[PDB]
Amino acid sequence: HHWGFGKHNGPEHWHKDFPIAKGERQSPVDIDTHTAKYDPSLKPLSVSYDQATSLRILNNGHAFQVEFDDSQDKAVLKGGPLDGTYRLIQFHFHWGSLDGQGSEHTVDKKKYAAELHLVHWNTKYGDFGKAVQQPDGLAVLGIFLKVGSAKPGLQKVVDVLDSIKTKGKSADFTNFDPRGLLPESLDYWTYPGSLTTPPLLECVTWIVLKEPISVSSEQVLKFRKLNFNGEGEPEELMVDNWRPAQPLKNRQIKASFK
Ligand SMILES: [Zn+2]
């Protein structure tokens, strides 16, 4: 009876196994655009993905994750609110059963159809496992998805999902360029928060882009054909794998733009 997104093990239950669920810097949060302060010290976000090396895509039982070779400085995030260099390790999404919900962060209470997380770890901690034990261990770049025109750069991801339908399935996924998932503007909000799946560690500097990317209805529909369950088990569609907004508590969200 482990954590999940069902009726008996979903986000409202997680605190029982992971008490930090009720912590002081939990994510996601609602971004109140009128309360976020423009910060004239925030540098432009530097995203250097030209040498990114994807390896594999995995159905991990709550989402799918595209993993990268992070053994060299190849795909790095720096600048913005960050000190130092953070290396890309994986990206994954959160999505809904319907276009009207699916994002984890919300903007003035608005829910998007999905949310992309590009997860990076602080190179000063040597690897991901050590980084998540530190308050500044991770930087996660969050990008909202809305349903409209197709995102061509996403299609290679959508087309491989049939091969990883059920929990535990993985597939070779090389030469995928995550630059094809970025919106035009890198304007962002930033605040200190946490992983949004257990163990919910409070190790993340969140950088959430203001500009959503558009994906097609057909693209998001294919996300919804994935399964939470393993092969040979009763079918449960992988939908609504998003944690709802958590109390902001003692935190200020800063904006890179006015
Ligand atoms: Zn996530």
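## Some details on the UniProt feature "domain: Alpha-carbonic anhydrase" in the protein chain
Right, on to step 1. On the UniProt side, "domain: Alpha-carbonic anhydrase" is annotated at positions that read residues 1–257 here.
Right, on to step 2. As a span, residues 1–257 carries 7% helix and 29% strand, and end to end its C-alpha atoms are 44 Å apart.

## Quick notes on the coordination of the zinc ion
Right, on to step 1. In the first shell of the zinc ion, the protein supplies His92 (NE2), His94 (NE2) and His117 (ND1), at 2.0 to 2.1 Å from the metal.
Right, on to step 2. Going along the chain, you hit the donors of the zinc ion in the pattern H-x1-H-x22-H. Remark: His117 occurs in strand β9 (residues 114–122) and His94 occurs in strand β7 (residues 86–95); sequence separation between them is 23 residues. For the residue pair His94 and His117, the accessibility class agrees, reading buried in each case.

## Let's talk about the side chain of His120
Right, on to step 1. Position of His120 among the secondary structure elements: in strand β9.
Right, on to step 2. By relative accessible area, which is 0% here, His120 ends up buried.
Right, on to step 3. A distance of 2.7 Å separates the side chain of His120 from the side chain of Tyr49, its partner in a polar contact.
Right, on to step 4. Aside from chain neighbours lying at most four places away, what touches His120 is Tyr49, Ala75, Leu77, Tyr86, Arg87, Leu88, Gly137, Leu138, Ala139 and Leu141.

## A few points about unusual backbone geometry
Right, on to step 1. Residue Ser27 is joined to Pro28 through a cis peptide bond whose omega torsion reads 0°.
Right, on to step 2. Cis geometry marks the peptide bond from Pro198 to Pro199; its omega dihedral reads 10°.
Right, on to step 3. With respect to the secondary-structure elements, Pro199 resides in the loop between β12 (188–193) and β13 (204–209).
Right, on to step 4. With phi around 65°, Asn175 is a residue other than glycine that occupies positive phi space.
Right, on to step 5. Mapping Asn175 onto the fold places it in the loop between β11 (170–172) and β12.
Right, on to step 6. What makes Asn175 exposed here is its relative accessible area of 69%.
Right, on to step 7. Phi at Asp240 is positive, roughly 55°, even though this residue is not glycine.
Right, on to step 8. Its place among the elements puts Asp240 in the loop between α3 (217–223) and β15 (254–255).

## Focus: the pattern of salt bridges
Right, on to step 1. Enumeration according to the criterion identifies ten salt bridges in this entry.
Right, on to step 2. Between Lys254 and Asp39 there is a salt bridge, and its shortest N-O distance comes to 3.9 Å. Of this pair, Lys254 sits in strand β15 while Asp39 sits in the loop between β2 (37–38) and β3 (45–48), placing them 215 residues apart in sequence.
Right, on to step 3. Of the residues examined, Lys254 reaches a relative accessible area of 37% and is grouped as partly exposed.
Right, on to step 4. Note on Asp39: relative accessible area 15%, which makes it buried.
Right, on to step 5. The residue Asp69 makes a salt bridge to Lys74 at a minimum N-O spacing of 3.2 Å.
Right, on to step 6. The buried category is assigned to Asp69, whose relative accessible area is 19%.

## Brief notes about the UniProt feature "binding site: substrate" in the protein chain
Right, on to step 1. Annotation from UniProt places "binding site: substrate" at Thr196 and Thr197.
Right, on to step 2. Inspection of the secondary structure puts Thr196 in the loop between β12 and β13.
Right, on to step 3. We classify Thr196 as buried; its relative accessible area is 5%.
Right, on to step 4. Excluding residues that lie within four positions of it along the chain, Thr196 makes contacts with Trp14, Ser27, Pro28, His94, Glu104, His117, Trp206 and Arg243.

## Considering the nonpolar core
Right, on to step 1. Among the nonpolar cores identified, the biggest contains 48 residues, and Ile57, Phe64, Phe91, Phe93, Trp95, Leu118 and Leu141 are the most heavily contacted of them.
Right, on to step 2. Elements with a minimum of two residues in this core: β5 (64–68), β7, β9, β10 (138–147), α2 (155–160), β13 and β14 (213–215).
Right, on to step 3. No other element matches the five residues that β7 contributes to this core.

## Thoughts on the environment of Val208
Right, on to step 1. Position of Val208 relative to the elements: it lies in strand β13.
Right, on to step 2. Along the sequence, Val208 and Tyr191 sit 17 residues apart, while their C-alpha atoms lie 8.8 Å from each other.

Thresholds, definitions, all that
Residues numbered from 1 in each chain as written, not as in the entry; some residues may be left out. Heavy atoms only, no water. UniProt positions renumbered as here; feature names shortened; annotations may be inferred. Helix = DSSP H or I, 4+ residues; strand = E, 2+ residues; numbered from the N terminus. Donors = N, O, S within 2.8 Å, 3.2 Å for Na, K, Ca; no water. Buried < 20%, exposed > 50% of the residue type's maximum accessible area, 1.4 Å probe, protein only. Polar contact = N/O pair within 3.5 Å; in protein donor to acceptor, adjacent residues only side chain to side chain. Contact = heavy atoms within 4.5 Å. Salt bridge = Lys/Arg side-chain N within 4 Å of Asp/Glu carboxyl O. Core = buried A, V, L, I, M, F, W, Y, C linked by side-chain atoms within 4.5 Å.

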